[PDB]
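First the structure, in the form of C-alpha cells, and then the observations on it.
Cβ coordinates were reconstructed from backbone atoms using ideal geometry, including for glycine residues, and neighbour counts include every protein chain displayed. Derivation of every value follows stated rules applied to the coordinates shown; laboratory data play no part.
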Ligand SMILES: OC[C@H]1O[C@H](O[C@H]2[C@H](O)[C@@H](O)[C@@H](O[C@H]3[C@H](O)[C@@H](O)[C@@H](O[C@H]4[C@H](O)[C@@H](O)[C@@H](O)O[C@@H]4CO)O[C@@H]3CO)O[C@@H]2CO)[C@H](O)[C@@H](O)[C@@H]1O
C-alpha cells in the first residue's frame, strides 16, 4: 500500500496562463515592458509553470511575403525565460478582435487582404454570400493565389521561420508547446457562429462551405456518389439564430438524417479533417526531432448536444450524432502526427446554461477527452469564458483528473496541461488571485512547482475510409461527480 502523505509526481498537471491580447501590438512593438514584467513575476510567484501567447501572422509577416520580423517576440520570449516561465506559442494564422467592444484589432497580413478585395472566395462564405476575413478557407489550402504561394506553403514557411529564428529557446527547452491554428480563434472548425454576422448564443450556426473553391470540390464529390443534382443545404437549414425544430434541416427526422444529409455532412466534416491533417503535417515536418509538443485546438460546441440533431456541432464541422462519434476521427488524425488535442471548453456545468439551449458541456468534455485518450494522444485544455469562482476552478480540477489522484502512481486519466484565460487586472485583484493560487496548488496536486518527448515523424497517411472506422460510437470513460482535490482543502471521500 502507499505511504501516508506521499503523492506520486505523475499526478501533477501543468498550469499555463494566457497573456493579454496585444502584448505585442499591431505595429510589432512590445510596450509596457515594465508592467508586463511585474505581471509575470506575480504569475511565477503564484506557482504557474508558464504562459501562452499568440504569435500573430499579420504582425510578423505584415510588410510583405517572407518579410518576417521576429525581434519583438524574441524580446517577449527572453523576458518570459528570465522570469522562469515556460512558453506555449500559438501559430495564429487568424484575426484578433476588430470590433467596437475589443482590446485590439490584428488582421491577417494586409497583402493577403488585398488579394481578397479582388477574390473574396479565399474566405469562408455563408449561403447569403457573406465573407468572413478571420481566416483563409481550407478551400484555398492548395490554390497558388498568394504571390506565387499556396496557403499551406505560407503556413509551412512561417513555421520554418519561427523554428529557425527561435532555435535557441527551442534547444534550451523554453518553448514547450506549438499550438497550430487551423481556423478562426486558432481552432480546427468552421466559422459557423460568427459574431460579425449577428450570431448569438445559442443559435444553431450556419454552414460555411459556399466559397467557389469549396463548391467546386462539392460538385465533383456529389457527382461521383451518383447524384449530380444534390445541392448544398438551402433555406431549409435556417439561419444563425434559429432553433433546430424551426428548420427543415435539423428538426427530428429532418434532412440531416436522409441520404443527402449524411453525404453532405460527411463531406463537410471530412474537408475539415483533411485540412487539419495537411496543416499539422507541415507542422510535424518543421518541428520533427525537437523536444516540443504540437497541438491543435478544438472548440467545445456544447449547445444543442442534447438535441438529436447536434445542430451547432454540425455547422461547426463536427459530425457528431447518435451512433456517429465526430471527435474520434479527429483524435485519430492527430495521432498520426503525434499531436496533442487541446479542448477549449473545460470549466462549464450543464446547470449554468439555459434549458432551451439543450446544452451538455459536461458530457461533451467526457466524450472528447475519452475519444482522445482512446487514440493514444494527450489532451490539454482551456476554459471558454473568464471565471474567478470556486465552482469553475473545481470543475476544471475534475476534468484534468476525472478519477482523482492515484497514490500508487500516474493516474488512469490525466490531462497533459491546462491554459487559463486570461492574465488580466481582474485576475490579479487580491481576493480573485488568492483563490487562483489555491487552484494552481490543486492542479499541481499539492506538490510544489517544478521535458516533453522528442517529436516523432508523422506516421503513414490514413486513407479516408480507415478514418471513418473511428466514427463507431462507444462508451466513454466513467467520470467522478466531484473533484478529489477541491479548492477549499477538503476531501469528499474522507
Ligand atoms: O462565443 C461565445 C460563446 O461561445 C463559447 O464557445 C466557445 C467554445 O465553447 C470554446 O471552446 C471557445 O474557444 C475560445 C478559447 O478559450 C481561446 O482559444 C480564446 O481566446 C483566443 C482568441 O479568441 C483567439 O483569437 C486566439 O488568438 O487565442 C486567444 C487565446 O490567446 O478564443 C476562443 C474565444 O474566442 O470556442 C468558442 C469560441 O470560439 C461559449 O461556450 C458560449 O457559452 C459563449 O456564449
Listing 318, 477, 287 by rising number of other beta-carbon atoms within 10 angstrom, fewest first, gives 477, 287, 318
Hits in the stretch 52-79: amide N under 15 Å from the 7 Å Cα→Cβ extension of residue 28, namely 55-76
Per 5 angstrom bin, beginning at 0 and ending with the bin that holds the maximum distance, the Cα pairs of the stretch 386-452 fall in percents of 3, 15, 25, 25, 17, 9, 5, 1, 0
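With a 10 Å Cβ neighbour count serving as the proxy for reagent exposure, in which order, fewest first, do 487, 308, 43 appear? Can you show the working numbers first?
Working: 487 21, 308 17, 43 28.
The fewest-first ordering by Cβ neighbours comes to 308, 487, 43.
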Working note, the stretch 114-171: Cα radius of gyration (Å, one decimal) and Dmax (Å, whole number) are 14.7, 49
dims of the stretch 345-494, Cα set, principal axes, largest to smallest, nearest Å -> 54, 45, 37
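Please compute the Kirkwood hydrodynamic radius of the stretch 143-233 from all pairs of different C-alpha atoms, in Å with one decimal.
On the way: mean 1/r = 0.0587 Å⁻¹.
So the Kirkwood estimate lands at 17.0 Å.
Could you check what % of the DSSP bridge pairs in the chain are antiparallel, to the nearest 5? Provide the component values of the computation, followed by the final result.
Values: 7 of 39 bridges.
Antiparallel: roughly 20 percent of the beta bridges in the chain.
Rg to Rh for the stretch 250-407: what is it, with Cα atoms only and Rh by Kirkwood? Walk me through the numbers before you get to the answer.
Numbers: Rg = 16.6 Å, Rh = 16.8 Å.
Here the Rg-to-Rh quotient is 0.99.
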With -39,500 (n - 2.57) per DSSP H segment of 4 or more residues and division by the full residue count of the chain, the 222 nm estimate, nearest 500 deg cm²/dmol, is -10000 deg cm²/dmol
Semi-axes of the chain from the Cα gyration tensor (sqrt of 5 times each eigenvalue, largest first, whole Å) come to 35, 29, 21
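Which order do 204, 122, 3 fall in if you start with the one that has the fewest other Cβ atoms within 10 Å? If you can, show how the numbers build up before the last one.
Details: 204 28, 122 25, 3 6.
In increasing order of surrounding Cβ atoms, one gets 3, 122, 204.
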Over the stretch 79-221, the quotient of the Cα radius of gyration and 2.2 N^0.38 Å is 1.19
The rounded separation in angstrom of the Cα centers of the stretch 241-268 and the stretch 282-359 is 20 Å
